[PDB]
Every structure is written in C-alpha cells, then in structure tokens.
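Okay, so here's just one chain, in structure tokens, the form deposited in one PDB entry.
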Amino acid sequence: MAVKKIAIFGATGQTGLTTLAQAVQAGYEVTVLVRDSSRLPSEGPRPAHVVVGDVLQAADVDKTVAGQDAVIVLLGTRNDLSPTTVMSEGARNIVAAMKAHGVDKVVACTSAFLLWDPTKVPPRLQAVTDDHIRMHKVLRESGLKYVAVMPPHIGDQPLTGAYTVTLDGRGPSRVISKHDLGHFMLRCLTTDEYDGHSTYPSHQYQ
C-alpha cells in the first residue's frame, strides 16, 4: 500500500463511521480526531490511533496529521443548519498541518451545491453552503493535491461500488449512499486522476 496511514476528520459522523469501517477492513492504519464528548461507539471497528481534541485547535490537528500518508475530511455540523465556520477554519488548520508535515493528499467533502446555480440553493442550507464555499476556497488555494468531493443527498442505501463519478459538473442522479460516498473517498487515495477536480458521486439504487 502506497497510502497506508490516513487521518480521518469527522469519523464519528454519518459518512465518517462507514468510511472508518471500510478503511479498517481494507487494511488502512487510521488515525481519527474525535471531540472529547463524542467518541467512537465501543462496538464498532477500532482505528489504530485516537486523538482527542478539536479541529479548531491547531495543536490537535497537527497531532492528527503528523506521520500520515493522506487526509480524508468528513467534517460537518450534523443536523444544525446555523451559520458556522467550523469546516473552513478546520480546513485552514488541516492545510497548515499538512504543509508542516509534508502530507500532500487531501480528499475533502463539501457539497454538490457548489456546482449549483446559487439562486437555486435552498435558503435553509445557505449558511452551511457558505462555509462549504469557504472551505473549498481554502483547499483550492493551498496548492495541495486536493480532491473536492461534492455529493448530492447522502442516503442510507447500500454499499455498491457501482456509482457514477462526474467530473467538474453535476451528475445524473441526486443521491449517493453514505457507504458509497465513503467508498469513493477511499478510492481517491489510490489514484491521482481526481486531483484538482471537483467530483460528484451519485447512483441509482435498484
């Protein structure tokens, strides 16, 4: 494995949990950053390394990024649609840590709304989308090998590995399962073909 040690940010979240499970099964040595109050469930798969802290603390992000081959970012605000900078400021700390530690590959999830006409983004999601836009700018400007993953609705359908990946535009379906989205984040570790592109994974579950 050319990529074997990875940091996952957001591993306790909807997509992070299945991404972690798939990564451990695939043989990755995974380091996670978890907030003190929200640890990984005791029954689930165990990462190799756990850092307890906050993506808003440069020190905690540095500890998580040190020694890795690549970074997966699945940060979010769960059900909370309020104005926030946690994703963009978290990305700022991640970029600084990758540069300091010689890590180049970052696969980071924002949203397909970054490929929408802004006048059609639902107003209830505008505040979160605003921080996705801020995040994407931070990562694009970093000069790192950045894969911008921009999914549409994240659903509960199965892992298929059969989804479409649309480059630099909206794809033909409006859903991706959380399991397939995690599968795609990990696929991006094994190829350079999506570096510098936006990617829209989607599938028809049938």
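Residues that one form lacks are left out of the comparison. The first residue of the shown sequence is 1; numbering continues from there. Here, rigid core means the biggest group of C-alpha atoms that superpose within 1.5 Å across both forms.
The form deposited in another entry exists for this protein as well; it is not shown, and the discussion that follows is about that form.
- In the core-aligned comparison between the shown form and the other one, the C-alpha of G169 is the only one from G143, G27, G169, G161 that shifts by 2 Å or more.
- After superposition on the rigid core, displacement of the C-alpha of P45 between the shown form and the other one amounts to 2 Å or more.
- Whereas the shown form places them at one spacing, the Cα atoms of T84 and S38 lie at least 3 Å farther apart in that other deposited form.
- Distance between the C-alpha atoms of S37 and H179: shorter in that other deposited form than here (change of 3 Å or more).
- Core superposition between the shown form and the other one reveals the following runs of 3 or more residues with every CA shifted by 2 angstroms or more: 36-39, 41-45, 168-172.
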